[PDB]
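Student: Just so you know, the protein sequences line up as chains B and A, in that order.
Under the deposited numbering, residues 2956 to 2976, 2995 to 3063, 3134 to 3163, 3170 to 3254, 3261 to 3468, 3511 to 3613 are what the first sequence spells out, in order.
Under the deposited numbering, residues 631 to 827, 861 to 1009, 1020 to 1054, 1070 to 1297, 1430 to 1564, 1573 to 1615, 1622 to 1696 are what the second sequence spells out, in order.
For each residue, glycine too, the CB sits at the ideal point set by N, CA and C.
My structure is below; once you've seen it, I'll send some questions.
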Amino acid sequence: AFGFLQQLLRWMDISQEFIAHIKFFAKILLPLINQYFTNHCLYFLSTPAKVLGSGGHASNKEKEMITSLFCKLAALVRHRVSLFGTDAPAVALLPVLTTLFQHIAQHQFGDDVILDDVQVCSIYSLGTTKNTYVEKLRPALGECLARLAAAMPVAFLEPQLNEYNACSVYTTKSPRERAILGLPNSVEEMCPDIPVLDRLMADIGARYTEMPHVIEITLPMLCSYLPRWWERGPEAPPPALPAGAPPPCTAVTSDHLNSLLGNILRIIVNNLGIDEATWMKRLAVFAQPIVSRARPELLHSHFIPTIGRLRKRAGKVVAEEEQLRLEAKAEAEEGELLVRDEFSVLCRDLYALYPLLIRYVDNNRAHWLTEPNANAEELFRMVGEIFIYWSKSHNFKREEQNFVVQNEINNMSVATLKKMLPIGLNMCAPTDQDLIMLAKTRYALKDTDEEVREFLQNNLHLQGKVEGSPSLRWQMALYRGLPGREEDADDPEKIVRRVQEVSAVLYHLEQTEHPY
Amino acid sequence: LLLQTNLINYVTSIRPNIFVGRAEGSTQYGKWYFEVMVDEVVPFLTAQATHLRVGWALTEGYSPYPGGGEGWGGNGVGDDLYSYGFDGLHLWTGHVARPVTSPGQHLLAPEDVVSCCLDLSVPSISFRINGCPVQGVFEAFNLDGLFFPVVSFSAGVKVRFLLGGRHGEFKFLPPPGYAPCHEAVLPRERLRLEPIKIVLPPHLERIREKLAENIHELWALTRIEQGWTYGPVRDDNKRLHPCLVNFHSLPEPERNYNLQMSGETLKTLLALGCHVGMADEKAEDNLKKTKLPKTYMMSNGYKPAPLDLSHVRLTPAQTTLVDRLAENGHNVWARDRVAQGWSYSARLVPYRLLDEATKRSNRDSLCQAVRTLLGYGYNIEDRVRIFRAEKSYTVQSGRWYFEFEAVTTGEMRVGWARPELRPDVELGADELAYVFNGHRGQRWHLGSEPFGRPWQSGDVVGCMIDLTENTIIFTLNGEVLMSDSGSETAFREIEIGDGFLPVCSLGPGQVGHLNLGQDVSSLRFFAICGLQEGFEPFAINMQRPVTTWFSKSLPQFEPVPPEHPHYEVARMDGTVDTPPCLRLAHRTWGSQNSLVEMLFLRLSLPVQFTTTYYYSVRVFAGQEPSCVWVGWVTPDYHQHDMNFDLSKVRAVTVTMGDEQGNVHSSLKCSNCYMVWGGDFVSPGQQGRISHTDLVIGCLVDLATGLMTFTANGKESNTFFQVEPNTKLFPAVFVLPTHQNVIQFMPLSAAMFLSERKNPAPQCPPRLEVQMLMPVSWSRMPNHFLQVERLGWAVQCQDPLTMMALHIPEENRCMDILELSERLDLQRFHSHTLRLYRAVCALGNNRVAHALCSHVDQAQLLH
């Protein structure tokens, strides 16, 4: 790896010498991609290969990044840096590497300049430091600790927290790149206010995470009560809260797992209750994807384990039900050219694309990985979401003009999610619909699968049909419907009333998905 | 000529976990005595004579296989070369009923005991009835393996072992100098029954000074702070030695004890790839001891100076080095005490697995010294079992599912497979399987690919297939496994073929429990991805369980297919000047060159009663004489063990001498030993010598018993180099000869009994060279036998029997249920039954009476 590092030093002096007072320019440009491609590709070189010199050579490559300090270019040289940011992830006798100590300067240089350039002046911005997103990511692959894990950089949160409020200034340059700096407390030990304020013991002894077994928790206690206290409508009162809330919530999860387990559930339910702010249809399109992608992790915050999520799902479903009347505006414009369609096209597009970006992801993240188990175990786990929430799928299944929403997926970077919206719920919404385990619904579904109107299907649903033939229903059906039915429900209208939903699903959703 | 059937009982063998064997090193005196008592009320069970035999097996018999075996049924003791037995008046080894003389010639009657003693310095087993000695022993047998005490039995028998450790009350006094499960039994485990299957260098001076001085200060400080005060009395229990004073007055051998230990330590460390030099070199001299109260400075006067490492760990890299050093120290301790010195005094056990607790105690004892030395500144750096449903239950179309549970988290594979699953191939290495191995979280089809998360303990996994859209889906505890690319079990476009079949495979020491859906309650989850997706539990609508065929390991014989890739045989017709010949060929290319492959002929050569008494091997004159001879019936198969040397090879010819019939094995390339072998030869590979044992050692009082014969000659073959002596590439014509009778001749006239008078050799289509396949298929029986103190007494009450075919040509039994997928012997047996019905024609009752011998009324009712 070191055979090609010599060429780097020869060009930095000549570049300034020729201008301020060539083949060398390309002789540095060419090795960039060549080294970066293999360095990023062979990430499995770390553990089974290069047992001791991997750290030193990666550290030498990192120390080569000091060229950015000397030669600050508005034009990016990403061809090397984009792939060289991924070499950071790639026994007490490790004194060979010396930039283990220069790590302090490497960390301090990026964040120290924000105070200098708080004025941010006509066009000048934080492009020099904006690249720290890749470097700040240290979740798992930790080779060396050297006690220089969070002692110094913890002092730089307050510079970032200074721009928490809007303060009637121009919007934050890198609110997203501010959050990456907060690791989930993976520094193997931590205690607040000892290194931040007490310098008397910092140089002497690091006694932390063991003596303060109950004093380590001092930041989350103040960071948990307040954001839950704010529940205002507009996104202004949370000016940097979307960029500042995910990391404390993530950090407390791993800490004290063997001892303190209630913190995770407390934070999860606190955020679930806070989601009532997001519950409304459209308030800030910028905040919708950021908060969803920042921390879509649920540990013990599902409907079944937490009855509070059962109530929250009721509010979510109530919000979802408005979508039918919301999309009825499309039929209003399509009703024989009642009015000009231009004024309604944009409204329909927004009301179809923006609201669905959050709610569907929320359940599919980890809620649909836990609710169907309880739903299969008993019919009463989510009977409310079983007998309801099917109307949301109908609006997207019909009105094919709404397929244009794929423009919303286009900006992410066609297997559109529209078909997959009830895919996770395809075993939960219609499981408690009709003849839970009886197989008697086959005849009704076949009869209703004629592209019939809703009213006509409802009229035909009054006939009722059953089958006790010596068919396959000997021992799967009628032998596990009964034990699974804690309270045997005998209501033809109530069962066919969910049966037409399955029939419409057959007629529209997967029938088109196969063609699509 | 035909396949005969009868009712056969299930013979079951059991064996305690007592390891006895011979090797260069640990022996445990190699001599062991054993006692067992029998209690039964079934001297003649309703089926047939009961089975009860006692003896030893060298951990390779693999006898207990419920069903047919090499003879008639899976006999457990004394019906092969790998076991020895005694049943009251008998000496069984390889289906031979060798009789013995002893007072009270009765079988193992109830309320009786038998004693078995084994000497290993001289290989010998002797048996003794309750009170009287027995006039027969086994000797001169191979020792390559661990000899295990075994007993075979049938139903209706209670049997109690005698250990002597806690409740073994030996009704017969132990013989002079045999360990009764006393010295070393289960040293690292418990006992339980288990069925089978002037100017010195400065660096050296510095290291010696450091280590020696520090440890010598250590023992003193450790004892004197533990409280080892100056006692006046001389105690041996606590072993307090008042005369034992500081290092200076240590005995004379202490100098060599100190020198040699460090010398071996440095010699071993030199081969560990260390790096000499200065790393810290600070704690030795620049050590700054923290403020310690003088309370620790007790009246000894010697200052304790331990390095403060209450929170600092040196390295896990030194863990392997310390483990190796501890292993070497354990070996030298074994040398001192038992395993290498074999001291006879009074404990311990073999050094390989003596005791985990003792090993870790020694490791802890020797680890802290190295830790302190380094902290001062010198910092330094056998197969797989396959199970499947039979071809009858092949699924052709639909959506199906079955569950599996992995008790362990080792090597397992579960999935679907084509019905013609060829054995000897790992699952997923060909088109014939679609399997999942969660040990690393991988899918297997024509190779391995990453798929899904690895297992945990139990971790019920469900497997489903949908032939309608040609898909295979794997679920884990109610959630579908996901691929790396986010696909939903990407197995698009799988050909229907000849249906599909469930398949499981377990490695060594792995336990799995799979449910095909016979009863839906046994399905662990079956509530998420199987109910409303329409998937059918595999064996759902059935009143009987599934046969569940499995993979055998015993290497039975099979003919070489004509379509073999690189093993092609030939059948040249006999010319005017030469008889018919059988040449082989091999692909002398980048193809495989496997080990010497054993080839066998189709028909056997039974011997009357003698009448030949010997066999002669020769090129053109007398070769190695005294070829092993037997002289009884002993069906014999022509054999040939050759190695692919590239090009061509043997030519199992068929010659005919002037007045004798010699079989010839022409050769041209290189050395390949070619002489016939027994019909029961089913060994492994990688071995040429020491595969014959069990010479009968019955004698008389004054050493005048003339009933010694080197029987059990399984490998009745010679070796090549005995014949020639040269360095060239000539042709060799080995012409063994065994048969010779009155000709007033060839090999062909001694095997068909229809051309015995014909002198002309013949090669009819019945003749075909065979070869032993390492693995075949077998059928798991639908039922098994039912089978805890005072020597772990065990009882078997419920009777169980079976009916099975027997092939006269190979003298081997086979469960008749196998015909269901054999599909050819089934047709032959059906036509045989039709022939019986025909020959017992209308109104012909004498033939019916005759057939009433070939078949029985109980057999027909069964």
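Which residues, taken in chain order from the segment 1163 to 1176 of chain A, show a beta carbon closer than 7 Å to some beta carbon of chain B?
Tutor: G1166 and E1167
Student: Identify the continuous beta strand (DSSP E) that holds A:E1029 and give its terminal residues.
Tutor: Taken as a continuous stretch (DSSP letters only), A:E1029 belongs to no beta strand (DSSP E), being part of the alpha helix (DSSP H) at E1029 to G1048.
Student: Taking C-alpha atoms, which residue in B:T3059, B:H3611, B:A3261 and B:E3454 lies nearest to A:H974?
Tutor: B:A3261
Student: Tell me whether the beta-carbon of B:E3375 lies closer than 9 Å to the beta-carbon of B:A3332.
Tutor: Contact annotation: B:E3375 and B:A3332 have beta-carbon atoms that are not nearer than 9 Å.
Student: Is A:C1492 buried or exposed, if buried means 16 or more other CB atoms sit within 10 Å of its CB?
Tutor: buried
Student: Under 9 Å, do A:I870 and A:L935 count as touching if we go by C-beta distance?
Tutor: no
Student: Against chain B, with Cβ distances strictly below 9 Å, would A:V975 count as a contact?
Tutor: At a cut-off of 9 Å between beta carbons, A:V975 contacts chain B.
Student: What is the DSSP secondary structure of A:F649, reduced to helix, strand or coil?
Tutor: Correct three-state label for A:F649: coil.
Student: Cβ closer than 9 Å: which chain B residues qualify as neighbours of A:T958?
Tutor: Within 9 Å Cβ-Cβ: nothing; A:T958 doesn't reach chain B, min ~24 Å.
Student: If you draw a straight line from the C-alpha of A:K1585 to the C-alpha of A:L1575, how long is it?
Tutor: 12 Å
Student: Could you name the residues of chain B that A:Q1220 contacts, counting a contact when the two beta carbons are closer than 7 Å?
Tutor: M3524 and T3528
Student: Sorted by chain position, which residues of the same chain lie with C-beta nearer than 8 Å to B:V3599's C-beta, five sequence neighbours on each side aside?
Tutor: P3527, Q3530, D3531, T3538 and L3542
Student: Let me check one thing: in DSSP terms, what residues is B:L3002 bridge-paired to?
Tutor: Answer by DSSP bridge pairing: none, since B:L3002 is not bridged.
Student: Return yes when the Cβ of A:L821 is within less than 9 Å of the Cβ of A:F777, no when it is not.
Tutor: no
Student: Hey, quick one: how far does the beta strand (DSSP E) through A:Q765 stretch, first residue to last?
Tutor: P763 to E769
Student: What do you get for B:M3534, buried or exposed, if any count of 16 or more other CB atoms within 10 angstroms of its CB means buried?
Tutor: buried
Student: Give the interface partners of A:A687 over in chain B, defined as CB-CB distance under 8 Å, in chain order.
Tutor: The premise fails here: A:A687 is roughly 43 Å from chain B at the closest Cβ pair, so nothing lies under 8 Å.
Student: Indicate whether the contact test is met: 3 or more Cβ pairs, each with one atom in the segment 677 to 687 of chain A and one in the segment 1230 to 1242 of chain A, closer than 8 Å.
Tutor: no
Student: Express the C-alpha separation of A:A1577 and A:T1431 in angstroms, rounding to a whole number.
Tutor: 16 Å
Student: Compile a chain-ordered list of the residues in the segment 3404 to 3435 of chain B whose CB is closer than 9 Å to at least one CB of chain A.
Tutor: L3424, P3427, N3428, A3431 and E3432
Student: For the segment 882 to 914 of chain A, list every residue whose C-beta sits within 9 Å of some C-beta in chain B, in sequence order.
Tutor: none
Student: Determine whether the beta carbon atoms of A:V1603 and A:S1239 lie at a separation below 9 Å.
Tutor: yes
Student: Does the CB of A:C1217 have a neighbour CB from chain B at under 9 Å?
Tutor: yes
Student: Can you give me the Cβ contacts of A:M1601 inside the same chain, cut-off strictly under 7 Å, excluding the 5 residues immediately before and after it?
Tutor: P1243, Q1244 and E1246
Student: Where do the N-terminal and C-terminal ends of the alpha helix (DSSP H) with A:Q923 fall, by residue?
Tutor: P916 to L933
Student: Got a sec? Which residues, its chain only, sit under 7 Å from A:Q1130 by beta carbon, not counting five neighbours each side?
Tutor: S1136, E1137, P1138 and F1139
Student: Relative to the ligand GTP, is the shortest distance from any of its heavy atoms to the C-beta of B:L3434 smaller than 8 Å?
Tutor: The model on display carries no ligand, and the ligand GTP is accordingly not part of it.
Student: For a minimum of 4 consecutive residues, which ranges assigned as the alpha helix (DSSP H) are wholly contained in the segment 1577 to 1602 of chain A?
Tutor: Not a single unbroken stretch of the alpha helix (DSSP H) spanning 4 or more residues falls wholly within the segment 1577 to 1602 of chain A.
Student: Within 10 angstroms of its Cβ, does A:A1227 collect 16 or more other Cβ (buried), or is it exposed?
Tutor: Counting Cβ neighbours within 10 Å, A:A1227 comes out buried, since at least 16 surround it.
Student: Measuring only between beta-carbons, confirm whether A:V862 sits less than 9 Å from chain B.
Tutor: no
Student: Just checking my contact of A:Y659 with A:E813 at CB under 8 Å: how many whole Å lie between their CB atoms?
Tutor: 7 Å
Student: Could you tell me which residues DSSP pairs with A:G685 in its beta bridges?
Tutor: In the DSSP output, where bridge partners are listed per residue, A:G685 has A:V780.
Student: Spell out the partners DSSP gives A:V743 in its beta bridges.
Tutor: A:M667
Student: In chain A, which residues lie with their C-beta within 7 Å of the C-beta of B:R3364?
Tutor: In chain order: nothing, as chain A lies at least about 20 Å away.
Student: Go to A:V1681, then tell me how far its alpha helix (DSSP H) extends in each direction, as first and last residue.
Tutor: That run of the alpha helix (DSSP H) goes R1680 to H1688.
Student: Taking only the alpha-carbon atoms, compute the straight-line gap between B:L3056 and A:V862 and give it to the nearest angstrom.
Tutor: Those two C-alpha atoms are separated by around 59 Å.
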